[PDB]
């Protein structure tokens, strides 16, 4: 369609299909493998540490149950908010 | 940052800051603003319809309250999952 957010969602669904499109579901996978997707396709857990280190372990906390694209996008978003101080003015 | 899935987050923060960063919060905006953001970020009036309005109507529902970055990313995730049968197998 050639809109800029279409290329964001295209990127997210193509990188999700890089780990789900092996197997019997293309919208879900295990908590274990989404965690792995994030640290491979997004360099962040080497620039940053605090909270990112639990969110990683918080999929792997139960690990081998399924997730949909929601638990993917809230974690990508929540993790972005942990260094989005590039968009603040001050401590608030 | 600079790995392929960043360019999705980079897009989402670049677009969202163009309708939050009108006013004194560069991380929140109204339910009216999220509605404006999405209908300029994507064309939607020609593909899958109608089930795309009760989501936007669910912004109208409380229209003058605020919205965060996460409501924004789960609404777009939800809406992408609501009409990309184009990613599936058929069948359920």
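Cβ coordinates are placed from backbone N, Cα and C, and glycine is handled just like the others.
Features as listed in Swiss-Prot:
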type	residues	note
BINDING	B:28, B:33	Ca(2+) 1 binding site
BINDING	B:60, B:62, B:64, B:66, B:71	Ca(2+) 2 binding site
DOMAIN	B:12-47	domain 'EF-hand 1'
DOMAIN	B:47-82	domain 'EF-hand 2'
Environment of B:60, B:62, B:64, B:66, B:71, the listed Ca(2+) 2 site - residues of the same chain whose CB lies within 8 A of the CB centroid: B:30, B:31, B:32, B:34, B:59, B:61, B:63, B:65, B:67
Per-residue Cβ crowding (10 Å cut-off), top of binding-site residues B:33, B:60, B:64, B:71: B:33
Surrounding CB atoms that lie within 10 Å of the CB of residue B:62 (Ca(2+) 2 binding site), all protein chains: 11
List of residues, in chain order, with Cβ under 8 A from that of residue B:66 (Ca(2+) 2 binding site) and at least 6 apart: B:25, B:28, B:29, B:30, B:31
Where residue B:28 (Ca(2+) 1 binding site) sits in the secondary structure, as DSSP reduces it to three classes: strand
Euclidean distance between Cα atoms of residue B:33 (Ca(2+) 1 binding site) and residue B:60 (Ca(2+) 2 binding site), Å: 10
Closest of B:62, B:64, B:71 to residue B:33 (Ca(2+) 1 binding site), Cα positions, binding-site residues only: B:64
Protein Cβ atoms within 10 Å of residue B:28 (Ca(2+) 1 binding site), excluding its own: 18
